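In the C-alpha cells that follow, a single protein chain appears in two forms: structure 1, then structure 2.
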Structure 1
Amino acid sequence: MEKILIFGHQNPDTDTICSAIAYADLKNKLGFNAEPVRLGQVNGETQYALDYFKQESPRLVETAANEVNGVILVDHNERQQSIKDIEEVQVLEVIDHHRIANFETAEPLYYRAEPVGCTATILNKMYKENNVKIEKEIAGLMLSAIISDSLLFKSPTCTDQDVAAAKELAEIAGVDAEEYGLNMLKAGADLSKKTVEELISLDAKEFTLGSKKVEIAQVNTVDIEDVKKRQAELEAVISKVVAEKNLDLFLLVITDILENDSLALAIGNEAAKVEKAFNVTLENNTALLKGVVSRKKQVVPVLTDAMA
C-alpha cells in the first residue's frame, strides 16, 4: 500500500499539526498508509495540546521526494508555504480553508476547501462521511485546532459549523472546551521569554500579492506593550529577512487575543500600502488596527486590493 506523507504549512500551528495527525488517522483507519509530519518546531500552544492528550509530535522533515511520490496538504496550498521540494512530489489532495494561490497540478485531484474557521472542522465531516469513529485523543487534538484557529470562538472566521464541531469534539474528548481552551491559548501567548527571531517566525507566512513579494507574521499576546518595547530589536531581525528574501513588505501583526485588536509593524518599500489597506497612518513604522485578528479574512484580502 503506497505510503504518503500528510503535512501543513511551514512554521506550524496547532491546526497544521493536529489536522495532519487526524487526517493520517482517518486514512490509516480506512486501510491506507499515511504518516503525519511537520515542517518546523512545535510551538507552546500545540505542545500543550499534544501533552494533554498524550500524543506524539509528528516527525520533522525538510523534504518529501526522498521518501515518497505523493503527499496530502492540510491547512495550506500555496507552494511557498509548503515543503521545500513540493515541485518534486505529486499533491494528491488538499484539505484547507484559505485563499488559493501559487498552486498548480498536472492531474485532477481531491481539493476540498471550505471557508470555515478551522481545517479540523472539515476533517470532522470527513470522519462521519467515512463511518470512522473519532478516538478520544484524536477528538482532543481536533478540538485544540478549532480553539486555536477561532481564538476560543472570538475570531471573525469562526462559523456555526466550527462551533458545532467543537461541541461534538469536546464531548468525545471528555473536556470542557472553555476551561481547556483558555489554558491552551495561554500556553501559546507566553513570550517575554522568546527571542525576536522566534517572535517574527513562529507564525509567519509568505505570499505574493500581485507582483510583490510579502511576509506576514503574527504574534498572539496578552499584552501588546511587552512586544512593542522591543521594536528596535524587531526592526533589526525583520529588516534582515526583508533583505535576504528580497521582500517588498514584511508586516508583523501583534494581536491582543483578549481584546481582539492588533498593532502593525510594517517594514519595506511597500509599507505605505498598509496605510491604504487599513485606512491608517504609520508613525515610526506602526499603526493600531482595531478589530483586526484574522490574517486570512482581515489582512490578506485588503492588502491585495491596496497593493494592486
Structure 2
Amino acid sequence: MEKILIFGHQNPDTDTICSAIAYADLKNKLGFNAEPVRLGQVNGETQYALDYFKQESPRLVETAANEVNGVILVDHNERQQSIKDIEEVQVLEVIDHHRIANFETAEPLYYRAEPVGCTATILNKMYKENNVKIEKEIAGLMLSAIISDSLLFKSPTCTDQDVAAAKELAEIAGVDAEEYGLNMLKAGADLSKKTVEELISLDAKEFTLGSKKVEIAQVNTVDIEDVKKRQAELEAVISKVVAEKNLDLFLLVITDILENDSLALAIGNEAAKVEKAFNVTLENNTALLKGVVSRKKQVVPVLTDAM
C-alpha cells in the first residue's frame, strides 16, 4: 500500500487531532498504509484526552510532498487551513463538516461532508458502515472530539446525531460522557493554575470611550465558579491596575462558554455604566450579563453608547 498522510487543519483543535488518529486507524484496519499527522501544537484540551486514553501525540509535520503523493484531509478543506505544500499533493479524500470553499480537485475523490457538529460523528458512521470494531482506546478520542466541538452538546451546531454518537462512543470507551467531558473541557484554559495577576492580563484591551479611560479583560471558563471563588484576590489586583493606569473603569468579563452567559466584575468610578448598558444591578461588583459572550460585538458597542 502506497503510504498516505492523514491530518486536520492548522492551529489544531481536538477534532483535528483525534479524528486524524481515528480515521487512520479505520483506514489501516481496512488494509491501507496511513499515518495520523498534526500541523501544529497540541493544546491542553487535546492533551488531556490524549493522555487520558494513553495515546501518542500524532507526529508534527511541515510538508507532505516530500513524504507522500496522496493525503487525506479531516475536519477541513479550505487551502489556508491546510498544510503548507497542499498544492503539491493529491487530496485522496476529505472527511469534514464545514462549508466548502477555497478547495478544488483535478481528479475525482472521496469527499464526505455532513451537516453535523463534529468530524468524529461522521467517522463513527463509517466504522459501522465498514463493520470494523472500534477500539476502546480510540472511541475515547472520538468521544473527546465530539465533546470538544459541541461544547458538551451545548453548541448551536451540535446535532442529535452528534449526541447519539457521543453516547454510543462513551460506552465503548467506558466513560461518562458529561463527566469526562467537563474535565477535558476544563483542562482547556486551566485557570486554576494561573496567577490572579495573570488572568487580568491574558485578553485585555484598553479603550477611551467618551473621554473616559477604560479596560475590559475577558476570561473563558467552563464554570464561572472556578474564577468567582477567587474574587477577593481578583478585586485586589484589579484595584491595583485601576490605580496604576488611572482607569475610570475596569470590567472583567468572566464568560461561561458552556452556558453562553458571562459574569461581570466591574471596578471603578463608571462601574455604574455597566449597570446601565446591560440593564443590571451590581451586588458585590458582580452582575450576571446574560447571553454576552463577545466583547467586541456585545460589550464595547453597548458601553460606548452608555457613556
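When a residue number appears, read it as a position in the sequence of structure 1, where counting begins at 1. Each form is matched to the other, and the largest set of C-alpha atoms that superpose within 1.5 Å is called the rigid core. Residues that one form lacks are left out of the comparison.
- In the overlay on the core between the two structures, a shift of 2 Å or more in CA position is seen for a single residue of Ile134, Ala173, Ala165, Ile200, which is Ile200.
- Relative to the larger rigid part, the smaller one turns by 70 degrees between the two structures, according to C-alpha superpositions.
- Here the rigid core is superposed, and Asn260 then shows its C-alpha moved by 1.6 angstrom between the two structures.
- Aligning the rigid core leaves the CA of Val222 displaced by 4.7 Å between the two structures.
- Aligning the rigid core between the two structures leaves the CA of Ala24 offset by 0.2 Å.
- Shifted regions between the two structures (core-superposed; runs of 3+ residues, all CA displacements of 2 Å or more, residues common to both forms): 189-256, 261-307.
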